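What's counted below: heavy atoms across the whole structure, side chains too, no hydrogens, waters or symmetry copies. In what follows, chains are A, B, ... by sequence order, proteins preceding strands, each numbered from 1.
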Protein chains: 2
Amino acid sequence: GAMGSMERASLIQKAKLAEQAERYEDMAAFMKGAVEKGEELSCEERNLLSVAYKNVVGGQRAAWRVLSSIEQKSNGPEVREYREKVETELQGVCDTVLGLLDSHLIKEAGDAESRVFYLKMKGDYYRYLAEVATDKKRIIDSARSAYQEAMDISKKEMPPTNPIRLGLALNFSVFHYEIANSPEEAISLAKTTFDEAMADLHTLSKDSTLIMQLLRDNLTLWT
Amino acid sequence: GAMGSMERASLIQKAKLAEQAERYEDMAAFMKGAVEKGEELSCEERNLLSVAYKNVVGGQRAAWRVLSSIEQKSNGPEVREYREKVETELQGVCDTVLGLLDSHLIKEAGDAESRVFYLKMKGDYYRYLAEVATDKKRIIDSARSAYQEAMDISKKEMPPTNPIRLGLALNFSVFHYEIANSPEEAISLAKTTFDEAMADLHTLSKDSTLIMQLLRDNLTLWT
Ligand SMILES: C=CC(C)(C)OC[C@H]1O[C@H](O[C@@H]2C3=C([C@H](C)COC(C)=O)C[C@H](O)[C@]3(C)/C=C3/[C@@H](COC)CC[C@H]3[C@@H](C)[C@H]2O)[C@H](O)[C@@H](OC(C)=O)[C@@H]1O
Ligand SMILES: C=CC(C)(C)OC[C@H]1O[C@H](O[C@@H]2C3=C([C@H](C)COC(C)=O)C[C@H](O)[C@]3(C)/C=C3/[C@@H](COC)CC[C@H]3[C@@H](C)[C@H]2O)[C@H](O)[C@@H](OC(C)=O)[C@@H]1O
Ligand SMILES: [Cl-]
Ligand SMILES: [Cl-]
Ligand SMILES: [Mg+2]
Ligand SMILES: [Mg+2]
């Protein structure tokens, strides 16, 4: 791999530089290189991995949605071709992330924080695949199964206010609403999650109110 | 070239789609392909070419400035290496643009609008090269010579309110201030340009007040 000759610590350092420079493709490539060193990731390093790929795929998703909307309105080959080009690139990034998860990260992750984090990522990237799929049913099932395993662990091992637990619940509720055609399940999940977190605030000394607000924002739109 | 098999009209269409999707690297590659068909560009097509590359290089410039600022504050090899990586990529894009200008576009451009447009672009991309150069003097001279030839044509052939003329003057004034160490020349140019445009408004039936405002913004900062 192109990063094989660079020290792990140097890859991490350069990922952090790339983050400051808003060079997310570079950031992702540095973090992929780091993963491929074969050592587990720390909490901070997992965050760098996630943010990098979330920004790469986010730009591809936004572009895909622009092109798909133009395509749907049109209904020559150019709009479909270019939509397909963006779609293939998006799929490739999702496949790269899922490959890192499968080959390197999920099987070695024993602590609840890391395991839930990676299983959430797996659900997220299957979700992104599902947004463009038409096939679709198997991808949807793969996202659901990853999210559900993460949920089971998070409920057993993490407090209701843990930010990973909260972000997982937020994303799984969006999966229910937008992907799985299950708005009632989405609403139930978001509401139970929010209420249980409210009741656990008392034990605490920013990430989690942020996410709680996002749950409330979705609930406001959905109800 | 990778676009050699695609119709010219399809490349133009896909550049416009890429613009809507904020996919500027794709937009640039489509417009490079179009240029390499060997036909002159229309006014609209020149704008697509410019916007595409301006956005690509703009992201590289912003990242370079972040990394250079970190490097300067530091004064291991990682910050310099990664700054150099971004710098080389930026230089490559500038070289690509300058190559299109030289090989295809400037020699065939006979009308004042197209000639000034392309010579302005040439000055711009030498300017971007000059921002990272340390060498530097020859690049600065190449930018100056391109801008000056464009200026001579624009003053002879275009009215003072023409947006290309205005944008050229704006950029050449920034070259004087930021690159060439000539703030008095920058101020003189911006002020003469603004005043002469004010006096020609009367002949007119958005692009040019925008640029006039940018001239005034710079003058406010400089004086
Ligand atoms: C190194 C800096 C970067 C990568 C920008 O850090 C991103 C952020 O990284 C941490 O925050 C995580 C985190 C985010 C927070 C919700 C951001 O919070 C604020 C207040 O900005 C959003 C990010 O995408 C990130 C890394 C991702 C997840 C998500 C990962 O799923 C696989 C699950 C929820 C959330 C968790 C892991 C957050 O803890 C930190 O706790 C945040 O800082 C604090 C304490 O507020 C920091 O902004
Ligand atoms: C196809 C749409 C895109 C590519 C977004 O169009 C970009 C823009 O293209 C035209 O505007 C040009 C133009 C710009 C205008 C100043 C933008 O005006 C407004 C009101 O947004 C900025 C662009 O970068 C562009 C193409 C570039 C130049 C610059 C090129 O140097 C080599 C010299 C000055 C300026 C000229 C060419 C402008 O005429 C149009 O006249 C603008 O629309 C009008 C009439 O207001 C449109 O937003
Ligand atoms: Cl295409
Ligand atoms: Cl590097
Ligand atoms: Mg625990
Ligand atoms: Mg004329």
Side-chain angles (χ1 to χ4, degrees), chain A residues 2-3 5-31 33-34 48 52 55-74 76-90 93 132, chain B residues 2-3 5-31 33-34 48 52 55-74 76-90 93 132:
Chain A
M3 303 299 173
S5 64
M6 205 184 309
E7 288 280 13
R8 190 184 187 283
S10 297
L11 290 161
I12 299 301
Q13 183 178 174
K14 290 181 184 177
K16 292 170 184 176
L17 294 172
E19 190 279 326
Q20 287 178 262
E22 297 176 66
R23 288 278 290 200
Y24 298 105
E25 179 181 58
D26 286 351
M27 191 186 177
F30 292 137
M31 289 308 305
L48 295 167
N55 276 274
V56 174
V57 78
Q60 293 172 320
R61 290 166 70 210
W64 186 94
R65 292 182 189 191
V66 168
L67 298 173
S68 178
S69 291
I70 295 166
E71 192 177 12
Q72 294 316 129
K73 259 264 79 224
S74 75
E78 292 84 0
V79 174
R80 173 190 53 76
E81 288 170 350
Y82 186 47
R83 186 271 300 155
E84 288 174 345
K85 182 187 169 162
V86 172
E87 183 173 303
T88 297
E89 292 180 12
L90 179 164
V93 173
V132 309
Chain B
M3 303 299 173
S5 64
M6 205 184 309
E7 288 280 13
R8 190 184 187 283
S10 297
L11 290 161
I12 299 301
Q13 183 178 174
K14 290 181 184 177
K16 292 170 184 176
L17 294 172
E19 190 279 326
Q20 287 178 262
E22 297 176 66
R23 288 278 290 200
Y24 298 105
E25 179 181 58
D26 286 351
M27 191 186 177
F30 292 137
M31 289 308 305
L48 295 167
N55 276 274
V56 174
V57 78
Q60 293 171 320
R61 290 166 70 210
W64 186 94
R65 292 182 189 191
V66 168
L67 298 173
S68 178
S69 291
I70 295 166
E71 192 177 12
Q72 294 316 129
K73 259 264 79 224
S74 75
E78 292 84 0
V79 174
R80 173 190 53 76
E81 288 170 350
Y82 186 47
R83 186 271 300 155
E84 288 174 345
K85 182 187 169 162
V86 172
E87 183 173 303
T88 297
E89 292 180 12
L90 179 164
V93 173
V132 309

### Query
Can you say whether A/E71 sits under 4.5 Å from chain B via the side chain, the backbone, both, or neither, judging by heavy atoms?
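No part of it gets close to chain B.
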### Task
Heavy atoms only: give me the nearest B/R23-A/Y82 pair and the separation to one decimal.
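B/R23 and A/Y82 have their closest heavy atoms at CB-OH, 3.2 Å.
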### Task
Output yes when B/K16 and A/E78 qualify as a salt bridge under the 4.0 Å nitrogen-oxygen rule, no when they do not.
no
### Query
Would you call B/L17 and A/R83 a side-chain contact if the rule is heavy atoms closer than 4.5 Å?
no
### Message
Are the side chains of B/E81 and A/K14 in contact, using a 4.5 Å heavy-atom criterion?
### Response
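Yes, close enough: below the 4.5 Å cut-off.
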### Message
Taking every non-hydrogen pair under 4.5 Å, which of B/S10, B/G76, B/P77 racks up the most with chain A?
### Response
B/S10
### Max heavy-atom pair count under 4.5 Å with chain B, selected residue of A/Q20, A/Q60, A/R65
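The option with the most such pairs is A/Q20.
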For [X], does the [atom1] atom sit with more than 12 other heavy atoms under 6.0 Å from it, leaving out its own atoms?
{"X": "B/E89", "atom1": "CD", "value": "yes"}
{"X": "A/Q13", "atom1": "CD", "value": "yes"}
{"X": "B/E25", "atom1": "CD", "value": "no"}

